[PDB]
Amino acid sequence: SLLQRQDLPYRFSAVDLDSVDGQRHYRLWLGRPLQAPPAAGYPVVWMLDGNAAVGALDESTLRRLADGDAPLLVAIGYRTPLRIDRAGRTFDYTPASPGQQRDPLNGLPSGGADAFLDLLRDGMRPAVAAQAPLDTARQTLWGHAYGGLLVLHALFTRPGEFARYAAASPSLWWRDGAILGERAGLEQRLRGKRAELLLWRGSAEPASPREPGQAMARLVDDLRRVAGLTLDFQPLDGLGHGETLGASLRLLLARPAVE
């Protein structure tokens, strides 16, 4: 319904791309404010699990976002009859394991994070930019769960591509905490750069799908020490895993725009 609605200060259009290997099929839903762009272009919020993200974009939030500096919204979804792709998303959002690849939860191929982030840079942003003027210095990357895992991979291993990284309920349990090890060396990689990281977790979430909060608390404590990184952790009282997707997105979009 959001995508057909005509009564909001955003209009949505689709930008379609395939993966370079031809195996995954994307549809980017672009939400453009009716507002004219700043001279330097719209700030941009990129959302993983795009078809879920669009389901979470409520009318009240979207009206308020039209505040004179409204962002371009880019929801990166899968262009399939079901509007999901379990195999595709499992591959695109997970990092490669240097030492040994297959997902420890569902057994499907894993390790496409860097190919996905390269496609974002080298194919998605080129396509999106041609539809609306972008301010490349004011970009956000958001994701939930495996999407959060991808966001952390991006920040930890290739900082600087985005100004703000937003990871909701990132799957820290994945491969016995493998993402936590990717943080080593971040301060060095951040030299000469600045980044913001927003984190969420729900009070009712378990530690994994099969000690809750402890890994996140340790990660937050560690990142608070990183020069060049501004960190904001928001616990979500009263929510479990599924519900932090929409909560994080509403709260993200209520924050002041990236500087």
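Numbers follow the displayed sequence, beginning with 1.
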Unresolved deposited residues in the interval that joins residue 210 and residue 211: 4 to 9
Unmodelled deposited residues flanked by residue 188 on one side and residue 189 on the other: none
Given 116 to 124 and 180 to 188, the range whose Cα B-factors average higher in the PDB entry: 180 to 188
Higher-scoring stretch by recorded Cα B factor average, 193 to 201 or 220 to 228: 220 to 228
Selection from 102, 153, 138, 144 [criterion: highest C-alpha temperature factor in the record]: 102
C-alpha B-factor winner, where the candidates are 159, 98, 111, 71: 98
Within-chain third of residue 169 by Cα B-factor, per the entry: lowest
Cα B factor band for residue 106 (lowest, middle or highest third within the chain): highest
Among modelled residues of the same chain, the CA temperature factor third for residue 58: middle
Record-listed C-alpha B factor of residue 88: chain third: middle
Entry-reported Cα temperature factor of residue 30, expressed as the chain third it lands in: middle
